[PDB]
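The chain below stands alone and is given in structure tokens; this is the form deposited in one PDB entry.
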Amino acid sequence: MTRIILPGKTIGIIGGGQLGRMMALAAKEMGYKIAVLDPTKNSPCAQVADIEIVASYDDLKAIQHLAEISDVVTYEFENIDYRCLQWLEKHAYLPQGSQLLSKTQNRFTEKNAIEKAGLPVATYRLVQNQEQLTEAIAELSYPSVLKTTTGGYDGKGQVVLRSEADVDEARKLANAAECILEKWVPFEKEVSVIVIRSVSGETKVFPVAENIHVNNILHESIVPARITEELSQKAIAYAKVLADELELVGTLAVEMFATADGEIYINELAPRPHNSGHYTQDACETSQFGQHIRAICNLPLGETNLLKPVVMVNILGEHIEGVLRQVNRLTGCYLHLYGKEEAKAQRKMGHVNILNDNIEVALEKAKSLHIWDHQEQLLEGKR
């Protein structure tokens, strides 16, 4: 309510990946102490934490131990089960609560909640068996997209249905998992907005980012998004309605499709700092992580003004040697590396924020470094 977590207190983080690490580094500038729970020793967050607890996420004893030594608890890992979430809510201080998190773990549930909040989404149907798939294909026609409702840390369970010739692969997906069938949205841009809401109801919204995915992994975020002033205003208003309606405490990332015609469809929500918000570390007055900490500790929120245009580029395992090799060429670039021990080809290892007065020059900078030639080549065929 009016409850404040003062500097000097301990912030407990569930999950020790890069999101937890950047939260921690933000909290440390303000003099907070950090405890982290992660299943692997020497996690990115653990490298900046005062206290490390190595345990499984579903281990209630370990969760209780984190809670016991923390003045406030937050998470970067979303898939926390109901028994741990309830324990934390009632026996520790978890200002984000569990309601929003319970709405966002299932695609169908999420879409229902978005519509209940008064916002538009692609027309969708629940698919729990072959018969519901057949009906959904009838009602939505082609083209359409069948996705799993839960899990998939990459986007593994997705089948795009362009013709009757696609039905058989969709049936295979519907066999392995509860699914959702969505109308295919013709759109020009994928954009996202990070919205922040504090314990006391104060809200701030970041600018709209334009997001470029390659292999279903975020490649670039571009701010300002290359859209009309009217599309931006709409994306921002939608994000605000969601934060109000969902009674957000903490950070909410809202991912959207923007059509040439100026309509927005909400694609998905993440109740946490998000990859499409990393630009904020170097280009805005407050980062999504500093905002996250203020929101849960109930400090006044910072400003979210864009101070300079930016292009964020992800560094995957496949890019790390190229980055190190090209280090002398990183003028106008702000490098972030997460300290991950084991590199893997599509593992997120870091990101680089390219700040420039002109967005097209920053984009040209990423191309001229030649680190992401693979991504740039995959970006054709285009449309």
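Throughout, rigid core stands for the largest set of C-alpha atoms superposing within 1.5 Å between the two forms. Residue numbers here begin at 1 and follow the sequence given.
Judged by mean Cα B factor in the deposited record, 374 to 382 ranks above the other of 374 to 382 and 1 to 9. Remark: stretch with higher mean C-alpha B factor among 105 to 113 and 170 to 178 is 170 to 178. Of the candidates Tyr279, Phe257, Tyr93, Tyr153, the deposited coordinates give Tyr153 the top C-alpha B factor. The top Cα temperature factor in the record, among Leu37, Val352, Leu355, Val327, falls on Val327. Sort the chain's modelled residues by C-alpha temperature factor and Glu230 lands in the highest third, per the entry. When the modelled residues of the chain are ordered by C-alpha B-factor, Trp184 sits in the highest third.
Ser98: CA B factor in the middle third of modelled residues in this chain (values from the PDB entry). In this PDB entry, the Cα temperature factor of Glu202 sits in the middle third of its chain's modelled residues. When all modelled residues of the chain are sorted by CA temperature factor, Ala27 is found within the lowest third.
What follows is about the form deposited in another entry, which we do not show.
Of the residues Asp168, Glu230, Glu247, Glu303, just one CA atom moves 2 angstroms or more between the shown form and the other one under rigid-core superposition; it belongs to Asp168. Once both forms are fitted on their rigid core, the CA atom of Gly155 lies 2 Å or more apart between the shown form and the other one. Compared with the form shown, the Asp154-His278 C-alpha separation increases in the other entry, the change being 3 Å or greater.
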